[PDB]
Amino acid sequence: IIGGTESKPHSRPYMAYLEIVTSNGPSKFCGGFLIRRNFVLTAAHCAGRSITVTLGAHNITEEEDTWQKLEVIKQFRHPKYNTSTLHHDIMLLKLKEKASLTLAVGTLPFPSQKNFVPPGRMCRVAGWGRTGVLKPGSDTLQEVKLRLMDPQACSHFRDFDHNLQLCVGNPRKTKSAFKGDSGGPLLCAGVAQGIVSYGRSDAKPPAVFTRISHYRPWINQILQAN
């Protein structure tokens, strides 16, 4: 998160810190969010050979009793996910066991309503990602308030599509999600409307988020079948 503030510790108890293992390079990092006691929603490009989920974190370098380090049994990448266009950058992680509910760990279930969110309002995104182009990921959970933009603001992302994705972050500000934040939720009025997907390598906003409303049927399908 660039240009944000440190979150109040444990104030976003659904936040998940993902460490992504691959057979041929070191760990990579993403965010995600707990939507059922045994399911974390994140981005498909965060898939790997294996993934560890840490719930209950604030400062990820300091182990504490609120931590729940949970095994992932299976990754459910969207079946139409495209590694070239980044369309359908959404994935569900099934946890081996159900998380414990604590003050610091809880789910963020969707409301029944799945209305299309138009441009204009302010939303918030949180993550442990990089706080600048030349900076490491934040030790502490950070968050930032970002403007939902008209889709034309993301036209330069030639594979952006308004029906599938939200365009997030006024280009007049430095505020943005960035590397390490992928998979985290964008909340608008306390409801998860987006998932951090991708943006420019130089962190200039806007960035592209998966539009959750479009994927509600698929999410429901996976959750009912597993």
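Residue indices: 1-based, along the sequence shown.
Comparing 73 to 81 with 104 to 112, the stretch with the higher mean C-alpha B-factor in the PDB entry is 104 to 112. The mean C-alpha temperature factor is higher for 118 to 126 when 118 to 126 and 85 to 93 are set side by side.
Residues shown: 173, 45, 200, 36. Highest C-alpha temperature factor in the entry: 173.
In the PDB entry, residue 138 places in the middle third of its chain by CA B-factor. Placement of the Cα temperature factor of residue 212 within the chain: highest third of the modelled residues, per the deposited record. In this PDB entry, residue 163 carries a Cα temperature factor that places it within the highest third of its chain's modelled residues.
When the modelled residues of the chain are ordered by C-alpha B-factor, residue 53 sits in the lowest third.
Residue-level temperature factors show residue 191 in the highest third of its chain, judged at the C-alpha atom.
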